[PDB]
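> model this:
(4 chains, ligands or ions: 2)
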Amino acid sequence: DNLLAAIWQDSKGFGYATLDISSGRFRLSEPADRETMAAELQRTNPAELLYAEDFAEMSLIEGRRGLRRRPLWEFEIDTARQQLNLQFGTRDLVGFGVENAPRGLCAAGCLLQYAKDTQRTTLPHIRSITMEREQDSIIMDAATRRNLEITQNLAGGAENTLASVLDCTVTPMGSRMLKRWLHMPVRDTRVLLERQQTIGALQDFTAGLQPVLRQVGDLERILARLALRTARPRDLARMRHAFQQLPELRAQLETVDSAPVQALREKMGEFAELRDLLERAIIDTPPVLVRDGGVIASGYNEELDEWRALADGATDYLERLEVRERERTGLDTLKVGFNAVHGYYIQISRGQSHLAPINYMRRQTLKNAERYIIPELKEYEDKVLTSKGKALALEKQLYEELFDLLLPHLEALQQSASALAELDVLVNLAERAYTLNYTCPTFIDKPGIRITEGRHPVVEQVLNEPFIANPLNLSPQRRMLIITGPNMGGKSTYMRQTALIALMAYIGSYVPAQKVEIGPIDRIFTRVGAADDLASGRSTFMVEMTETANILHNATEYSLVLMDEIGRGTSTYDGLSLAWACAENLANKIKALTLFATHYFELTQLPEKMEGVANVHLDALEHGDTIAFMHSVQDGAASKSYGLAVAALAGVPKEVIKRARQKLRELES
Amino acid sequence: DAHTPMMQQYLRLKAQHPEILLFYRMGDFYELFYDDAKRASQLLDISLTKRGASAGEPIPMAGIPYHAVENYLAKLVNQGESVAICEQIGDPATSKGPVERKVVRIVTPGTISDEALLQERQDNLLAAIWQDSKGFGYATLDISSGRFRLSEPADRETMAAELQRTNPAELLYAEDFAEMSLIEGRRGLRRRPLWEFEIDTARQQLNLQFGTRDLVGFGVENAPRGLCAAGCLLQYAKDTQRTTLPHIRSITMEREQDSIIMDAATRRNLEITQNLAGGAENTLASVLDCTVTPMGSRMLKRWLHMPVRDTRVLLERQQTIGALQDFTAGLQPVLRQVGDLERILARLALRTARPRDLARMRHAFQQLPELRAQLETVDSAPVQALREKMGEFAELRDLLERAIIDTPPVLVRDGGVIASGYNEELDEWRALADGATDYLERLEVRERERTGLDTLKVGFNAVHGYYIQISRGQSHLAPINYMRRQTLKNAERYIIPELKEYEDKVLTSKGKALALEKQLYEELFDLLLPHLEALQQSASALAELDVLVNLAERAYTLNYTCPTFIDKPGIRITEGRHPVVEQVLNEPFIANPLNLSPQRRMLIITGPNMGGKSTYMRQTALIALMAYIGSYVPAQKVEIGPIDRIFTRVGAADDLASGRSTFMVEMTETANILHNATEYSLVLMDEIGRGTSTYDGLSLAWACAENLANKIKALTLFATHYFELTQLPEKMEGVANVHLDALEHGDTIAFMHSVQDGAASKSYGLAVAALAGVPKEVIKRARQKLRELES
DNA sequence: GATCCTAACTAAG
DNA sequence: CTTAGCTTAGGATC
Ligand SMILES: Nc1ncnc2c1ncn2[C@@H]1O[C@H](COP(=O)(O)OP(=O)(O)O)[C@@H](O)[C@H]1O
Ligand SMILES: Nc1ncnc2c1ncn2[C@@H]1O[C@H](COP(=O)(O)OP(=O)(O)O)[C@@H](O)[C@H]1O
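Numbering: from 1, shown residues only, chains lettered A, B, ... in the order given. Ligands and ions are numbered 1, 2, ... in the order given. You can find the structure just below:
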């Protein structure tokens, strides 16, 4: 009725745009597949649709109403980015989070040009352009995925990350499954509850299953390499070892009562005929490269054994012929050797070399020993050389026939691998749950997070000092906590453990706290750290404000926002002013479950000034030169940073601290 | 106390040296334990591992090989972290407890900005000198202290300078010393035998005295000429004292030339090779790495991260960059064809080269004569040396051209890799094998006409050998002579005694040909191997040549100019630009003058946000680094005085664990600056006191700057949005205000990007946030609040 | 007195 | 790319 929309196509994917003239909501989508395009067009019900002249799939477009064939110049990549930036008055669209989306921006440029064509009126309604994601998974921007340190810390090391604490998974194919899960938080309650039940039920039988799962091996990538018919023999030997161990895994899982544990038990399968084939057709320990040979176990084919028996018959006949030739010639120095260049030979000392009979013919010649070829030996060596090659060639042919026999079940083996990988993450999540004293979360139907005896998993485990437990109550009635406290007080640790508890709750895992009440959460936003992209023309402040803009644009009521102290990298007064307005918009309008840690103590008045907002104070007491921190979240607002005290513990010289305290006396007066 | 015997010994040795990252020799591998591992891991980029637990949780361990120490040891000391190298002094045999370890050497940051390192009046300095083809080897022993120094100079100037610097009380020279003139001035001159300067006797004599098995820990094992001198000196120490002295327990390196010390934080804050995002793109290296040869790419990235202070080396690069500038376009194409000579030769060294790689070796030797000829025309002392050092290796050119096919397959097992006619035998057996393919067709014709079957086609299966495949229609028509071995739906495969005898010839010829090639492909490595030493020198020279022509091409392309060395603390830049930003951004970079000096030691760079405060601050260092890697700087004129340390502290991020807060790390790293900094050191600071409350941050900043000026006297650029510290210049001498400015014409703000004298009073934050993309609703309330806050 | 895991590279496919 | 090969000590438990 008022949803003027644009569509445009490129070879890789298609681009959709929607402008609400009435609302001023400007939205952007990039749906590559046709089903989503049809669904989104039906969902929107565009009042008028613009359609590129050069669009191939006319069928999708032809059904829609208010159809307009539009020129290609309106769908230009460059003209769109500048036209939108000019209207907004910005230099880049990185703040809106649409800069990276080209196809939608193309559509948006044509729509903005058609917005002028339709109205040409005042356009203050168009200040922003959002990108609506259809994942139905918690959407975490790459900035957050490194700020919370989910899998990668700020230094870039795999150590001191959430994944490190929760990745005791015994199979390397399960390590990848969990790291997939941590970055893709399933938002549907029904799936998380199945994992939660399975984690709780397997908790009894963790110790029994975890050892048997280790023996499976990296089955996922072995199947992928088998699919490309380039598995190599040590990999097929790992497939055999798994099929040996699957029956044990099935039996232990039979005892475990849960319906999904029974489904994974049945989905794992047996594949006993493949167990039989690999056991029959591969030697206990083959080499890693097939071209070398020694891969095919004796019993698989009769013909391999016949030619291998000729080759084995050659190696005994080598010693038997060496003994009979040594006795018949009467030469003790007579020794039989195989040089690849000159084939099999008879090497005698030069002293007895001329005494070797006429049948002996020098193929290889050295001064110290002479290497001869008897005609009987030559007939046998020709037999050895032709058998050696045929055996190697047959080995490769059978090693291909094995692929052909194993290939049909690959579909079910892939399902088996997915199930066994899933099981290892689940029994790993059951082990860490019991080992680290985690609990099961519950899902209330309304956005909010209620934590009792809440702990930051990484810090508490990797610091040899008791973590003081912190209670949290974020709800629709209490949407913001201004966490103001002394430096090293725990204001930023208390802030971050809210979102790591929230994330772990949403990949189906047990959580650090004693009790959790996690409501629905759509996105986890953070502004933490500091950096300057001088090469991409962004000062340290701009990058900070670009990420504050991402939050202020794309945050909803259902979103958890964890802003660190902001307004840093401008003058005192200017930073405080921007921080007050940022927090107000996050509370009075956005209504996001927010923790706003600030060393600025003027913002401690915001709960009195605004509704549905509260203050909390991680406190410390300054006894002597040293400062003692409580590490305890208590209600109220801390008035003092004790920065000059936290600098003395940092190692700043006493001379510098003394003058700074003398200056603080003057500054306060 | 309650730990394992070895970790007990580690902790009591670790207790002696509290902040010193201690290298502990656990058999083959030096490795750091507990916190020192986590210090080692994030600096040296070795993999952190958890070894078996000792009276608690597992021990975090981070290790290196014994012979790669000096490579890593350099990367540690150049980031400021002093290394405590701890050898196995005791025998690992007859040690039921841990092998006894003692801290033989403490390699400091190596700050040698002070002109009088060794005093001129310092006597009882018994010294030794010996010379070979490569250069001189000098040693100095102070017997009274037992303090030992070891130097191996490359040119006469350093030898004369070091002899003058030391002023040895007694000098032991050698029977064969060529440049007698340098040592003629030196007092207590003694002509000494060659056996006292034998390399083998020197290594055991030093090891025996210190009680070690190797000198790799002291970092002198690899250095032969100095060790020869040290052996004669140590032998003459026994001769003079007629005793062994425990004072002389160690041998350090006197010729440790101070690379400008840059902590790992700075090496990523300047983005020398790795930007803050971690990508190879938008780094200094990216701008200066258009080097055509992969062997050269790693050479300049090595150079960028070791900015050497020695003027002699920088001048050789400066001259060669200027001289080759004419023949950039001529040499750069010919250098590309050489290939990665570094990596091919490394494969030749392990005797495990692919034949495709030896074909790339041939291609280089083809192109080397052309390179020498072009370089002959360019007359310069180092360009002629690199021209001669490159070499020809014509006999290897001949061998590879004779013994490798124009384009060989990727493995030798593939076959045909060895060029026919290098050996008579290979072509004779290959000719027998080639005899098969015509014999195939000639019996496919003779059998087709004798049988009279037109559909008859002869084929070879690997499993069933050669066969006679005939359609089922003509399969029953095939004669009795034909014997069906292999049976298919559309065709029957027969066999003839002539095809069992011929196929045996084809399969024994095929194998013999393949076996001979492998043998020859090994004989080639034996013939090429002797010259590897000189080929390695050639590779080092060709790599060096390519960074120099790249730097020469980029110098002319980007209009860079030769820098000047005042040799008095100061920096004097006119028309300088940030190399990365102007190259990687469409808009012309506005050039900026800088005038640091002893009279003007501090500039409080206060300006609007994104005014160019941080680029002007880094631009100083990147110009300074490029000047000390002997490259042409981005400028019109530069007079860079001595710098021992570039400190950078722009922005902070917290681990949020293990006692780290945004504030904790900022104060700890300003602490590093406030203690380690010298009058020679360049300090760069952005708004220290960001991670703490308003009044506490200003107070700490005013004390930090005062100490940096009134005491440390460091060439400092103190960027601050705090405008209270703009008053510091009046209070203390040698501090001045500077203002990167911008003009607000309308709602939008234009940044001038020009360093002008004065102090800007206003930070245009709310305006630079609107251009960042913060919603207008947020900006409007923030401006309304700023009105209230200011009032 | 003995017995597992450990630390940089290499490079074939 | 890329997933497989790459080294002297330690330590206990009688
Ligand atoms: N709840 C807590 N219990 C115990 N220690 C804590 C707690 N919260 C933080 N810490 C400790 O505080 C230090 C980090 O403080 P941090 O919150 O980063 O300071 P700031 O709030 O000023 O940014 C670390 O030693 C960390 O272990
Ligand atoms: N001289 C110049 N000419 C053109 N662009 C410049 C110049 N100096 C800086 N810039 C650009 O403007 C930005 C300067 O911001 P910066 O100096 O980092 O500010 P801040 O000190 O607040 O961090 C950089 O991103 C750079 O791309």
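> Which residues of the stretch 101-250 of chain A lie near DNA strand D?
When proximity is defined as Cβ under 7 Å from any atom of the strand, the stretch 101-250 of chain A approaches DNA strand D at A:218, A:221, A:234. Every C-beta, even on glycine, is put in place using the N, C-alpha and C of the backbone.
> Just to be sure, which of these are found in helices?
A:221, A:234 (DSSP state H).
> quick one, what contacts the residue in the stretch 301-450 of chain A positioned nearest to DNA strand D?
Closest residue of the stretch 301-450 of chain A to DNA strand D, Cβ to the nearest atom of the strand: residue A:417 (14.5 Å). Shown in contact with residue A:417 (Cβ atoms under 8 Å, 6 or more residues apart in numbering or on different chains): A:173, A:219-220, A:223.
> Counting neighbours, which bits of whichever strand or helix holds it end up buried?
Using DSSP states H and E, residue A:417 sits in helix A:410-435. Buried residues in helix A:410-435, counted by 16 or more other Cβ atoms under 10 Å in any protein chain shown: A:410, A:413, A:416-433.
> still on that earlier bit, out of the residues of the stretch 101-250 of chain A next to DNA strand D, which one sits closest to residue A:206?
residue A:218 (21.6 Å; Cβ to Cβ).
> residues in contact with the closest one?
A:171-173, A:238.
> Most neighbours out of those, which is it?
Among those, residue A:171 has the most neighbours (other Cβ atoms under 10 Å in any protein chain shown), with 24 neighbours.
> How about that one, nearest residue that isn't a chain neighbour?
Spatial nearest neighbour of residue A:171, excluding adjacent residues (Cβ to Cβ, 6 or more residues apart in numbering or on different chains): residue A:424 at 4.7 Å.
> Assign a three-state SS to residue A:298, would you?
Recorded secondary structure, residue A:298: coil (DSSP: H, G, I helix; E, B strand; the rest coil).
> Kindly report the same for residue A:312.
The three-state label given to residue A:312 by three-state DSSP is helix.
> where's it relative to ligand 2, distance?
74 Å (Cβ to the nearest ligand atom, to the nearest Å).
> now do residue A:11
34 Å.
> again with residue A:614
In terms of Cβ to the nearest ligand atom, residue A:614 sits 33 Å off from ligand 2.
> now residue A:631
Residue A:631 sits 34 Å away from ligand 2, going by Cβ to the nearest ligand atom.
> need the contact list for the residue in the stretch 101-250 of chain A positioned nearest to ligand 2.
Nearest to ligand 2, among the residues of the stretch 101-250 of chain A, is residue A:143, at 18.0 Å (Cβ to the nearest ligand atom). By Cβ under 8 Å, 6+ apart, the contact list for residue A:143 reads A:526, A:547, A:550.
> Is the last one in a helix, a strand, or coil?
Judged by three-state DSSP, the three-state class of residue A:550 is helix.
> quick one: contacts for the closest residue to it other than its chain neighbours?
Excluding its sequence neighbours, the residue lying closest to residue A:550 (Cβ to Cβ, 6+ apart) is residue A:97, at 5.5 Å. Residue A:97 makes contact with A:130-131, A:141, A:550, A:553-554, according to Cβ under 8 Å, 6+ apart.
> what about 6 Å?
By Cβ atoms under 6 Å, 6 or more residues apart in numbering or on different chains, the contact list for residue A:97 reads A:131, A:550, A:554.
> And the last one, how close does it get to residue A:137?
Read that as residue A:554. For residue A:554, the distance to residue A:137 equals 15 Å [Cβ to Cβ, to the nearest Å].
> And for the first one?
For residue A:131, the distance to residue A:137 under the criterion Cβ to Cβ works out to 15 Å.
> returning to that earlier point: quick one: the residue of the stretch 101-250 of chain A closest to ligand 2 and residue A:524, what's the gap?
In this view, residue A:143 and residue A:524 are 11 Å apart by Cβ to Cβ.
> How about residue A:257, nearest residue that isn't a chain neighbour?
Leaving aside its sequence neighbours, residue A:257 sits nearest to residue A:201 (Cβ to Cβ, 6+ apart; 6.4 Å).
> Please tell me how far the one you found sits from residue B:507.
From residue A:201 over to residue B:507 (counting by Cβ to Cβ), the distance is 62 Å.
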